[PDB]
Each structure stands twice: as structure tokens, then as C-alpha cells.
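Taking it in order: structure first as C-alpha cells, then the write-up.
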Amino acid sequence: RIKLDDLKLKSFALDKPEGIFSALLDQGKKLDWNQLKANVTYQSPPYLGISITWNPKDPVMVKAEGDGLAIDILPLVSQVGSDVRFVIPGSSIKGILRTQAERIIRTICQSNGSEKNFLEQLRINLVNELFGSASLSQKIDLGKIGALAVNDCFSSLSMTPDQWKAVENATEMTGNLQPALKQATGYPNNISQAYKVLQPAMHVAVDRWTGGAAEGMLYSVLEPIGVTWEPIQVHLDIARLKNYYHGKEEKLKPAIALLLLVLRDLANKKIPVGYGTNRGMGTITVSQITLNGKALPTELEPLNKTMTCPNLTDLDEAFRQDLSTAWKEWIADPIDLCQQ
Amino acid sequence: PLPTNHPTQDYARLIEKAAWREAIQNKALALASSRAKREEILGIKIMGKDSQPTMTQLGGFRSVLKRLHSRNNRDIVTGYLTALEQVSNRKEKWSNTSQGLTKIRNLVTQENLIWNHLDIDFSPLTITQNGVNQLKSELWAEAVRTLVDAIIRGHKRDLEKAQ
Amino acid sequence: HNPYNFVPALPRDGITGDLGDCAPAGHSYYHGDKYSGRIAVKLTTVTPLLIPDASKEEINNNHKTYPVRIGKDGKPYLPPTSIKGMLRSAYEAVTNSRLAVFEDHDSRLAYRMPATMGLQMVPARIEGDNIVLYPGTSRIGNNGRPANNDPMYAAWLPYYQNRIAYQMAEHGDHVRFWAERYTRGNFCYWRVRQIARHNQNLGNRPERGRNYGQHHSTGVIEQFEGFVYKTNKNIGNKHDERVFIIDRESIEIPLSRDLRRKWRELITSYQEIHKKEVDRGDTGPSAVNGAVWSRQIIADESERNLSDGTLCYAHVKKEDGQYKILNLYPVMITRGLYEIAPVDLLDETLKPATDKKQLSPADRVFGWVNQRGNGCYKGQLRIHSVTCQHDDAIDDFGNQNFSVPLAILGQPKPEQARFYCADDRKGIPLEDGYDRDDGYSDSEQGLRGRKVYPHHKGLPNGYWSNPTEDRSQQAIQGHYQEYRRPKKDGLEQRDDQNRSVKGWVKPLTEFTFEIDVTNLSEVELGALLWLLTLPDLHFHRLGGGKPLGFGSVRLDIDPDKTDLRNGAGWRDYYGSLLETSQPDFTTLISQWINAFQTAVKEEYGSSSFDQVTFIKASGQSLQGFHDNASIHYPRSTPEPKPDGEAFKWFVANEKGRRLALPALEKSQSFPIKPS
RNA sequence: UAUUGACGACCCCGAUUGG
């Protein structure tokens, strides 16, 4: 994603002498952008915005791609302009959503993946259209771009780059780590507030005969227990789906229905995110989902809503019943719907 | 050679680096191809089914080595190895290597040793006055990363044959 | 009662059905025949719970202090991993799965001979490539002891007191010497009287020596020649060295490779175990005053190899009239190795899993990683949403500067064969009275299995009250205050051997967590719910300090917040965006428990579920011992005296009745005198 | 024939996929 700022237009009347010499020597007539912007309404194409407001319930992190010295497991961080921030990559949110989407589809079909290779596991109906498939020329191309997109999500907290380097380069959990965490959390005066944000923790494997740590199995995590996160932006290209369904806007309904099921499970905490999901991490609360459709087909207009019920009962029952009908109709014959 | 003050010397510098980079990548991959050479440079070898050390131990080191952006970062790699060496169980994980912990320390510290191993006649690949020393000091950090990465990857292929 | 026991891990050969090994159910979809959903679980504590935050620990004189770990809302934070490891180990027990975490255990463990065993050592050498024996004028009795009250095989060289000088001789010296027969108590020996280096003249015969106390002279005097096997002053009351007498009758045996490996391995044990103490420059074993290191442990690997002309004590017996040699030993009373490495006593089906097909039930439910190669599986279970329900759950005893000192959490030491070894792979305790050697001794031996810390049933009311007071000297209702480190000279023993804690989570605090489960079979789900519905007074064990009684917890289910359905019931749920009912699994819960129990009965061939050994033992664990005997680490004295010389109960046990650690279900209590 | 006395902490991440 990219955005344009500081837009300047320079004009050169190259049909006439003042223009051509201005181009050669006087660097053009300035024009203001605001006048021309007023002349046209911005004609945004059909899309649905999905804003998910959430926080870590248990600690949430993606593992940094290399172990520290003082702390073995560290959160991933990314630069954001001047500062570093913790990050969950969009690929991770996309992946967990795709996983639950696939699981639901196969569950309804009672299909199996135990015998397919990994690539054959990915390729199933509706998720193929939403999340896309690899380009694979077959005597026709099965590959198409995923109509669903997800943004990177960053911590509300930020740090200077050297402050985080002080954590990565720390060596003693009782020692130089504690200044660095007090600094990095922005509580240089108060260790307790620092450790309400980033809390180091120790783990051990217990030998079943002896008790106590199994030799070498001592390790530690920097759990971001208190790091606050910005709302996740999921962005659905309704237009791209309409192409995949050859304009049959009615046939959008089941894929939209699946996506609401994916979000329903997400809001029910059923989808963990990040590292350590079976080991006391990754479970998230969703406080709010904001659905923002622009230039929708009229039968989908009730999507324009804000939801705080995890069961999505804030969406109109008649609309949910409509989708539930089209969903049950597709369940009864789960054709490759993107084939006209 | 060009005189250092010749106006195009800045442009020649771009050509020098590009030619050196590819030559380094090739010659590192040549040396990674030999199971004796991996033992000479890092002490990694295959013995029966096993690798010395275990692949995970290479992967750990490989993950650290990517922080070696510039020669001053030899602190980090030396810091890692000394922290590794202090833990006896982790030290002995590198037993049955050829001196591997010392070989890595040397390669990371001795400015000459990377170039001694790669053994590239840079004379046909340089044209700037003092270009050789300018570029060796420049590229050192990348030569290390290229060589160790090549060795670890090439070693993995021979492990799969034996496994 | 010893504060730990074992549930016997049964070897699982021919276990079929779901309790057997199987390909995993997998994550790809909800199976029509298997169950998934969310279980709500409430945990409440019964004894206080320790949850030390090592990230906040503090150090004085290398004594360590820990505060209670707290979360972002300031409540005590309970790591769900710590819940997981609790539940998993209990689950591994009641399912009798593979044991998920097994460390090295691949070298033979070491032990020490009793002092009686020295009386059947004989002086020995290796000549070229044969061992040789030098019983000399003494003759080897049937048991290996010097026969018929004849004198000790080696002569005794006074060396640290009544020196018999030529400068004092050294271990390599080939020598000629006079000796005198001396008597003491039950035995007699050749006291060296005068000595020369071998090439020199020994000179005239000495005469009637002094009665050096109970070492009484005889005036029976002899001439011998050979070698002085001087070691060092390696115990405080060592008076003498010994010397080997080549001058007289001798025997030889071919040096077996078996005796080579034993010597190498034993000397490896000596040299490596003490490495740190020598390397920091200690002059002798810290465990006793005055002594200095025995000669072999400070020597080089040249001592570790068994080269020509090196000298040993050898262990030999007369067997069918044949003098057969069992071992070579550097010292009369020796360290030794059991003949089998503990890993080799464990059944291959119980060892940590090594392939994707042999995943046992706990490995499938909780997930597994191969420690030796490729292979892994994501667990079918997630614990999450841990919260403390109360607010003031942390027992700060009154002010944050207080901290209670807390016993001695010593390292486990599986060298104690009569505790850790099993006489059969069904986990039968060893027999009492036998020597140590009987331990890791046959492949048909086993290991005692999964260690468990029984509940401290029957504590007195207010045992945890006012914890900073050293009540440890008072048997309040017959129980001494056992968790508190006693005071010495009326002050706190903040030593480098024990941790101290700023507080604990109070008993009767309450916590919630949820368990997410996926694709459980009816047997696996039956097992899990059984652990969560145990009858009253059964408790799980959690956190640290479990030998001291900390962290005992009650688990039960919130049935209205739980939701479980089979795969079909989820197809109905996913089949519509409109709301739909849930099945009342609370009608089925008892049925799944019975489904689990019947699987246990059938595969482990036992007439009732409650008399399967590991089930009975686990229940006995979680219910705790019930003869109202106190639970504490072994010690010679009923009162926990401040020094805590727990070891002398073990030495008393060794010379005494030599009890083994009871079978857990037998609930036997150790006698305070193991004589 | 069985005596001699009393001390002491430990583990620091492990295994794997690297296109």
C-alpha cells in the first residue's frame, strides 16, 4: 500500500512561446490541486472495509526470526518511520483466517486432507476465490489473486531503534536487561510498570523420573502481556470477486456468508494468533467489528454496520436469513462456484 | 588503473562491486560443493547418518550471522560464540567437529582469513587505484555471510544423500 | 512418608484401540465421530501456590528472593504453561502414555561401595597385558577376604604420622622393605618397619616395635619387596599407606576388555565429577575437613588408561575354586558403576516418541516434537483466558521487605537405586536388605516410572498462618512446620542452597481458565473430563514447592459455560448464520467417562478400573497419604534440626534395614529409625 | 569385623523445515 502527499502540478504551455521558455528556464506555471479536485467526485470502486478492534487477552506476538542472548524468545518489531513498533504481519492474520475458513468448508463437506500434500490441502472451494491460489498452468490457469487483503498490524507502543537494540543485546535477565526494559517500555523510573507491559518469564521441561529441569531444557520468553495494538484492517475486493463470478452478483452471497462465519469464530476467540498458541499465548478478544461497504450491490447494503455481538446479531436478521438460505443452497451442492 | 581523482572513478566503483559480488557468490558455492572444504573452513562434516553439529546448531549460528552487517558487528558474533562456549553442554555439541568453534572465531575476526579461504585473484576484477583494499574492507562483511551460508546450505544437501 | 513416589509406567506392548499408538486425528476438519469445543474450568487453591517471577528476582550473598508474578491488572498471574504441564503429567499418568520428557540417562549411574567391601579387595598390577594378584603370604579366602584370619594382603606404611622414612617414598618407588606383623581388634597386618629403594641395601633386621596404641606389636618380622601404592591423605583419620609385596605368592589372569572399559569409565567418573572443585582450586573434598584429593581424581588421563605397570586394587572371589576378578578399583573403598544405564531399562514403547505412527494418546492430545530428527505434531488442546477472580489474592505477610525462607529444594539424585529403580518393568519396588549392586543390574529390571508428589493430606489448621515465625521446632498437632527453613542461632539461614519468596497466592483463591479441544476421540475426551471431575478431596499439584505441599489445587467444570459437540453438530452450527441450539453434553459426560474406563480395563487386562495399578497409584497420589503420617524428606531426627543432615538417615538405612521406597498404592511410611 | 563428618547446589535452551 502507498499514499501520495505534497502533490504539485506544473504546467507548460508548450504550444506558445511563454510556455516553452518557461519550461527551458522558469520552471512552469504553478497550479493549485484543490480547484481540480473540486471538479470531480472521487469514484471509489466497489469494496468492503472490515475493521476489527481487539486486544491481547493472553500475550500475543510473532516470534522474532532469531534468538536473543538474555531472552530466548522475543517479539518481532518493525520500523515505522522514525520508530520501531511491534508488528503482527498481515500474512499471519491472513493465514489464521484462511485456516479457519478451510476448516469450516472441509467440515461441512466432510472432506479430508490427511492424504493430500500441503499444496492440495490449500485448494478448496470459496477459499480459492477469497484467498487465492497459485498460478498453475493445466491443460487453463487455476491461479488467481486472492480477493481478500489484510494489513500489517502494529503496536500502539513505539520505541526508538537503539532502545530496542538495548533489549536485543542484553545479556543478564537480572541485570542490564532491566534498564533496557524500563527504558523501552517508557517507565525508566518504575520496573513494575515496565513488567506490566513486557514481562520476561522462564520455562522448563520436567524429566518424568527425576523432576526438576531436563538437562538443557531451560528457556525464557519476553511476553508482551500488556502491549496494546491498533485495530486490524481487513480489506475485501468485492469487484475482484464479481469478476470471478462473471457478474452474477447473487453468487457473491455464499462467499460473503463464509467470511462472516470466519469473523464470527474470530470474535468467539476460537482463532488464536501468533506464536505459542498451544502454550499460553495468542488468544485475543474482539471488542468491535466495523463493516464499511462502498458502492455495494444493493442486496448487500445491510453490511454497512458496526457489530459488538460476537454472534453478529447486530446485523439484520432478514439479511442473515437471506445469506443463510444462499449458504444452505450452496452447501447442498458445493460446486466450484467460480466456474460459470 | 584509474587515478583516484579521475572523474569516472565513482562510476568504476559501481562496476567493481557488482563483479566482485558475483565472483564471491560463485567461488563460495564452488567451495561449498566439496565435503572436505566444509570441514576445512568450519569443521562441519558428515559421520554416518549424523551431521556434526546437528543442523539446528548451524541454523542457530546462521540466524545470528545475519546480524553481521559491518565489521564492527564482529562484536555480536564473538559475543554469541563466547556465550555459547560458556555453556558446557552446548560447547560439547560442537565436539567431533574439526575445532569448529575456533575456526568460526578466526573467520569472524581475522580480516585476511575470509579472502585466504575464497582465494580469488581480484586483479582482473578491479581497475581503481587501491581498489583491492578499498573493496576488501568494504565487502568483508558480505563475503563472510555469503561463504558460511553457502557452506551450511551445501552441507545440507550431502546430509540428505546420507540420510 | 517420603514426599515423592512413582506411579508405575506399564509397558504398552499390545495395547490396542485408542489407548494404543495411532496415526493422529489431525486438524484439517472436525470428524463426525470425534468431539471439539470449549470447556470452562474453575481452579481453586487448597494449599498456597508459589508462582515465582524469576525476571524480578533479587540477590544477596547469592541467596535469592522471588516475588509473586503479577499480571497487567495487578492480579497474580498464573502461567497457562504451568497449568498445562500439571494437567499433561497427570494425563500421561492416568492414560499411561509415552513419557514425554526424558533427559540423558544414557551413561551408567555411579554409586559407592560400603566399607565392608574393601575387605575383599586384593592388591593388583597389570604386567604387560595380564592382571596379576599379590596376596603374598596371605591366602585368598573363599569370599575374596583374606583367609583364616591371616594378615591383610598389603602391608601398611606409616606415612602421615609415625613415618617410616628411608624423604618419604612415592607411588612409583620400587622398594625393598622389612615389615612386622601387627594386630588390631578383629584383624592383623604387616606394619612396615624399615625401607630402602630397591637397588639400595635394606640393612639389618629391626626388632620388637612400639605398641602404637591398639596397633600392638608381635615381633614377628619379615622381609618383602615390591611397590608402595601411596595415594594421598584422602580422609581425615588416614594414618597409613599400603605397599604391594611381589616377594611372595602370586596369581595372574588375562586382562579382559571388560575390565579395561570399567577402569576407564570409573576413572572418568572420578576425574570429571570433581572437575569444578579442583578447577576453582579446592585442595580436597568439601564434604569433609582435612582430607585432600585422592590421587587418581587429580591425575591425568594417563591414569585413566590402564597401561603396563600401573597398580590397582582388584575385586576377586573364589568361584568353584577359581579366583575370578570382577573389577579394578583405585582405592580400598571405592566409587563404582551400576552395570546398566537407566535408559536401557525403559521399555521402547514408553520412551519418548520417535516416529509419526507411534504417537501415544498424550502425544496426540498435547502434541509432540521429535528430539532426534524430523517429526512434529501440533497439540489438539489449548489452555487460555486464565484469570484470578479475587483481587487481594497475594499473601504479602505484612510488609514487602519481609520474605520467608523456604526449606532446601535439593536436586534429585537417581543414584539412590532403592528409590528410583524398579525390580521389574511393571515398577515393582526393589527388595529390602540387598546391597546396592542389585540395582541397575538386569535388563529385566525396570524404572519406577512417572514421579508424582502426593497431596499433603491432613495438615493442621493454620499451618500456613503467620509464616515468618519459625514454628519449625514445635509439632503443632503432630506436624512440624516443614516448609520454613529453620533458624540457626536465632537468625535466618539465607544460604546459597535455598530460595526465599516475598509471598504466595493465598489458599481458597479461585481462578478461571478455558480449555479448547479439537478432534478428541470419545476415549481421549473421556480421560480428560475424568481428570476434571474427580471426586472430592482429590487434588492436582501445581507450581513449585510440591514436596513441601504448595500448589495443591481443586479442578472442576462449569457445565453451563462449556460447549462440546461432535463434527456433525458443528456442521449444523456452521450451516447457518442464524443462531441454533447446542446439544446438552452434560447427559453424555458420564458416558464418555465410562467409555474411557472401559478402554483402560480392556487393554490393561484388569478386572476393574479402580484396581489398575497406575490408576490406583495416581488416585492414591492425588488423594494423598492417609495414615496421618507426616510428609517430610528423610532425616535421622523427628524434629527438623537446623543443619538438616538428611543424608545420615540414608547412611543409617544403608547399614540398617535397607528399606526401599514403598509401592505408592501400599501407602507405607518410612520408619524414623531405618535400622 | 564397620568404622571416619558433614557438607553441597543444578539446568541457561534442546530437535526440525530453510524454499
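Positions of Cβ are generated from backbone atoms using ideal geometry, with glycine treated the same way; all protein chains shown enter the neighbour counts. No value in this document is a laboratory result; all are computed from the given coordinates.
Table for the structure above
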{"item": "Selected residue (only one of A:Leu14, A:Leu24, A:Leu4, A:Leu48 is among the aliphatic types (A, V, I, L, M) and part of a helix (DSSP H, G or I))", "result": "A:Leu24"}
{"item": "Boolean, A:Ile238 is hydrophobic (A, V, I, L, M, F, W, C), crowded, with 16+ Cβ neighbours inside 10 Å, within 24 Å of the chain's Cα centre (by Cα) and within 30 Å of A:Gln199 (Cα to Cα)", "result": "no"}
{"item": "Answer residue from the range C:12-51, given it is within 12 Å of chain A (Cβ to nearest Cβ) and polar (S, T, N, Q) and is nearest to C:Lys357 (Cα to Cα) among those", "result": "C:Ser28"}
{"item": "Of all residues making up the range C:619-660, the number that are within 16 Å of RNA strand D (Cβ to nearest atom), touching a strand residue (DSSP E or B) at 6+ places or on another chain (Cβ under 9 Å) and within 19 Å of C:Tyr4 (Cβ to Cβ)", "result": "2"}
{"item": "Any strands (runs of 3 or more DSSP E) falling wholly within the range C:347-408 and containing at least 1 residues that are within 13 Å of chain A (Cβ to nearest Cβ) and of a type in the set (S, T, N, Q)", "result": "C:381-388"}
{"item": "Answer residue from the range C:52-78, given it is within 27 Å of the chain's Cα centre (by Cα) and at the interface with another protein chain (Cβ under 8 Å from one of its Cβ atoms) and is surrounded by the most Cβ atoms within 10 Å (Cβ to Cβ) among those", "result": "C:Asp53"}
{"item": "Qualifying residue in the range C:232-240 (condition: surrounded by 15 or more Cβ atoms within 10 Å (Cβ to Cβ) and more than 16 Å from RNA strand D (Cβ to nearest atom))", "result": "no"}
{"item": "Considering residues of the range A:277-306 that are over 30 Å from C:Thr518 (Cβ atoms) and in a loop (DSSP other than H, G, I, E, B) only, the residue farthest from the other protein chains (Cβ to nearest Cβ)", "result": "A:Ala295"}
{"item": "Within the range A:263-288, tally of residues that are touching a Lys or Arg at 6+ places or on another chain (Cβ under 9 Å), crowded, with 19+ Cβ neighbours inside 10 Å and β-branched (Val, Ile, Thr)", "result": "4"}
{"item": "Subset of the range C:190-206 [in contact with a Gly (Cβ under 8 Å, 6 or more places away or on another chain) and buried (at least 19 other Cβ atoms within 10 Å of the Cβ)]", "result": "C:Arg191, C:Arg193, C:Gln194"}
{"item": "Pick from the range B:46-69, criterion of a type in the set (S, T, N, Q) and away from chain A (no Cβ under 14 Å), ranking: nearest to RNA strand D (Cβ to nearest atom)", "result": "B:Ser51"}
{"item": "Elements of type strands (runs of 3 or more DSSP E) in the range A:72-151, at least 3 residues being in contact with a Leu (Cβ under 8 Å, 6 or more places away or on another chain) and within 11 Å of chain C (Cβ to nearest Cβ)", "result": "none"}
{"item": "Unique match (being in contact with a helix residue (DSSP H, G or I) (Cβ under 7 Å, 6 or more places away or on another chain), away from chain A (no Cβ under 14 Å) and either over 30 Å from C:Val365 (Cβ atoms) or surrounded by fewer than 21 Cβ atoms within 10 Å (Cβ to Cβ) (or both)) among C:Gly128, C:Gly172, C:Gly118, C:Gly144", "result": "C:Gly144"}
{"item": "Check on C:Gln668, buried (at least 16 other Cβ atoms within 10 Å of the Cβ), assigned to a helix (DSSP H, G or I) and polar (S, T, N, Q)", "result": "no"}
{"item": "Selection status of A:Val167, within 16 Å of RNA strand D (Cβ to nearest atom), more than 8 Å from every other protein chain (Cβ to nearest Cβ), crowded, with 17+ Cβ neighbours inside 10 Å and over 30 Å from A:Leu266 (Cα atoms)", "result": "yes"}
{"item": "Qualifying residue in the range A:47-65 (condition: within 11 Å of another protein chain (Cβ to nearest Cβ), buried (at least 22 other Cβ atoms within 10 Å of the Cβ) and more than 15 Å from the chain's Cα centre (by Cα))", "result": "yes"}
{"item": "Strands (runs of 3 or more DSSP E) within the range C:181-265 that include 2 or more residues among the small types (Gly, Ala, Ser)", "result": "C:216-228"}
{"item": "Exclusive hit being buried (at least 21 other Cβ atoms within 10 Å of the Cβ), farther than 30 Å from C:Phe102 by Cα and away from RNA strand D (no atom under 16 Å from the Cβ), set A:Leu177, A:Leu157, A:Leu181, A:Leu142", "result": "A:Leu181"}
{"item": "Residue within the range C:423-444 that is farther than 30 Å from A:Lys269 by Cα, buried (at least 16 other Cβ atoms within 10 Å of the Cβ) and within 13 Å of chain A (Cβ to nearest Cβ) present", "result": "yes"}
{"item": "Neighbours by Cβ (under 6 Å, 6+ apart or cross-chain): first from the range C:447-466, at negative phi; second of a type in the set (D, E, K, R) and crowded, with 18+ Cβ neighbours inside 10 Å", "result": "C:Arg450/A:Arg208; C:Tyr453/C:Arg541; C:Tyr453/C:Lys546"}
{"item": "Residue count for the range C:28-44, restricted to those that are surrounded by 16 or more Cβ atoms within 10 Å (Cβ to Cβ) and part of a loop (DSSP other than H, G, I, E, B)", "result": "5"}
{"item": "Filter result for C:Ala599 (within 30 Å of C:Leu525 (Cβ to Cβ) and either in contact with a helix residue (DSSP H, G or I) (Cβ under 8 Å, 6 or more places away or on another chain) or of a type in the set (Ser, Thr, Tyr) (or both))", "result": "yes"}
{"item": "Residue that is farthest from the other protein chains (Cβ to nearest Cβ) [pool: residues in the range B:81-138 that are of a type outside the set (A, V, I, L, M, F, W, C), within 16 Å of RNA strand D (Cβ to nearest atom) and in a loop (DSSP other than H, G, I, E, B)]", "result": "B:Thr97"}
{"item": "Restricting the range A:193-215 to residues that are within 8 Å of chain C (Cβ to nearest Cβ) and closer than 20 Å to C:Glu58 by Cβ, the residue that is nearest to RNA strand D (Cβ to nearest atom)", "result": "A:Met202"}
{"item": "Qualifying positions in the range C:340-357 - crowded, with 19+ Cβ neighbours inside 10 Å and over 21 Å from A:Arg279 (Cβ atoms)", "result": "C:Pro342, C:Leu345, C:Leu346, C:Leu350"}
{"item": "Test result for C:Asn96, more than 16 Å from RNA strand D (Cβ to nearest atom) and either closer than 30 Å to C:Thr45 by Cβ or among the acidic types (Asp, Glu) (or both)", "result": "yes"}
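Every residue, every condition in (1) surrounded by 21 or more Cβ atoms within 10 Å (Cβ to Cβ); (2) outside any helix (DSSP H, G or I); (3) out of contact with any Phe, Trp or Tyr (no Cβ under 9 Å at 6 or more places or on another chain), yes or no:
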{"position": "A:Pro188", "(1), (2), (3)": "no, yes, yes"}
{"position": "A:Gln193", "(1), (2), (3)": "no, no, no"}
{"position": "A:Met202", "(1), (2), (3)": "no, yes, no"}
{"position": "A:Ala205", "(1), (2), (3)": "no, yes, no"}
{"position": "A:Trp209", "(1), (2), (3)": "yes, yes, no"}
{"position": "A:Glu215", "(1), (2), (3)": "no, yes, yes"}
{"position": "A:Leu218", "(1), (2), (3)": "no, yes, yes"}
{"position": "A:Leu222", "(1), (2), (3)": "yes, yes, yes"}
{"position": "A:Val227", "(1), (2), (3)": "yes, yes, no"}
